[PDB]
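Below you'll find only one chain, the form deposited in one PDB entry, shown as C-alpha cells.
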C-alpha cells in the first residue's frame, strides 16, 4: 500500500530562493525519501517556488514575517493576502486527494487548523520555542493528536516543556548528489542567508587566523551591506546544490556561527569538509568533537582562530563516512514511515 502525501512548505519565502532557510533542503529530501519507497508526494508552496521532479502547486501572496523578529508575547500575524492562509485554504480544498498532510511551517494557523481537516495533518517543527502562542498551539495539537509533532534535534525538543512528547527524525540529505573530494586548498567555506546578523558579523574577523579568504555561498538579498577589512574575501552567488558542493568541497573547513537547523553542517560533511561550529544548539548532535569538526565556545573570536589551525588533523574521509553512516535518505525513509504511517489509523 503506497500512500499519497501533500507537503505544505514554509510561507516566509519561495522554495529555492534561499529565503526559506533550511526548509528548502529538508522538504525535498524528506519528499525524496518517501518517493524512493513508492509513495506519491506533492508539494504546495508560495508563488515563485521551484522544485525538480515533484508535482508542485504554487499560490501567490504576502510572505509571513520571520519568527526570530518577534518577542514571546507577540501574537500570530496574518497579513492581507497572506500566502500562508491561502496555502492552507488550498490544502483544505484538496484534502481528500491525499492520505496525510505534512506541514513544515513554523506558524500558528496550520496547527490551529489540524482538527478542522478530515485528512490527518502531521507537523514537522523546525525551530525551538520562540513564542507563547506557538508553543501553546503545538501543545494543543499533541494533546488531541499524540505523535503528530516531530523535530530534528533534542536541543530543539528541550526548549519545549512538552519536548519529550515530540518525535525525533533528525535530518537527512541526498548523499548521491554531493561529491567528496580530498583536494582541499586554503580557502574556508560559509553557507547561509547572508543577513545583517547571521555570522559575518562576526565570523569573518576570525578568517584572519591565517589571513584565509573565506569563500561565501548563499542567496544574496536585494539590499547592500559590505566592506570591512580591505577585500581578500572570495565571494559566490546562490547557484544549485551541485554547483555549491563542488565549490564547497574544495574548502579546508566550513564555519558556523549562528545566534541561539542549520542542516548546512550536514552538506559540508557530505563533501568531507570539517565543520567548525559554536558548541551550542544543533551542531552538537551532528559534529563529533575533534573527529568530524570542532565545537568551540560561543562568541570568542579567538577560539575559532585556534579551531581553524587544527583542521589538517581531521580525516576528510571520516567526515564523509559519518554523513553516510547517519544522514542518508534511506534511513530517514524508515523514520518518516515510523512517524506518519501510524497516524493514518489513530
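Positions refer to the first chain, counted from 1. Definition used throughout: the rigid core is the maximal C-alpha set that superposes within 1.5 Å between two forms.
- In all of the other compared structures of this protein with flanking residues present, residue 225 is modelled, so it falls below the one-third mark for missing coordinates.
- Across the other entries compared, none leave residue 190 without coordinates where the residues on each side are present, so it is far from a third.
- The segment from residue 260 to residue 261 is interrupted, since 1 to 3 residues of the deposited sequence in that interval carry no coordinates.
- A chain break between residue 230 and residue 231 is present, corresponding to 4 to 9 residues of the deposited sequence without coordinates.
- The PDB entry reports B-factors from which the mean C-alpha value can be compared for 246 to 254 and 129 to 137; the larger average falls on 246 to 254.
- Of the two segments examined, 300 to 308 and 42 to 50, it is 300 to 308 that shows the higher average Cα temperature factor in the deposited entry.
- Among 166, 102, 219, 78, the highest C-alpha B-factor recorded in the PDB entry belongs to 219.
- Residue set 187, 142, 191, 173: peak C-alpha B-factor at 187 (per PDB entry).
- Residue 106 sits in the lowest third of its chain by CA B factor, as recorded in the PDB entry.
- Among the modelled residues of its chain, residue 116 has a C-alpha B-factor that falls in the lowest third, as given in the PDB entry.
- Placement of the Cα temperature factor of residue 67 within the chain: highest third of the modelled residues, per the deposited record.
- When all modelled residues of the chain are sorted by CA temperature factor, residue 152 is found within the middle third.
- When all modelled residues of the chain are sorted by CA temperature factor, residue 275 is found within the middle third.
A second form of this protein, the form deposited in another entry, is not displayed here; the remarks below concern that form.
- Following superposition on the rigid core between the shown form and the other one, the residue from 35, 301, 62, 65 with a C-alpha displacement of 2 angstroms or more is 301, and no other.
- Annotation for residue 184: C-alpha shift of 2 angstroms or more between the shown form and the other one, rigid core superposed.
- In the core-superposed comparison between the shown form and the other one, residue 164 has its Cα shifted by less than 2 Å.
- In this overlay on the rigid core, residue 111 has a C-alpha that sits less than 2 Å away from its partner position between the shown form and the other one.
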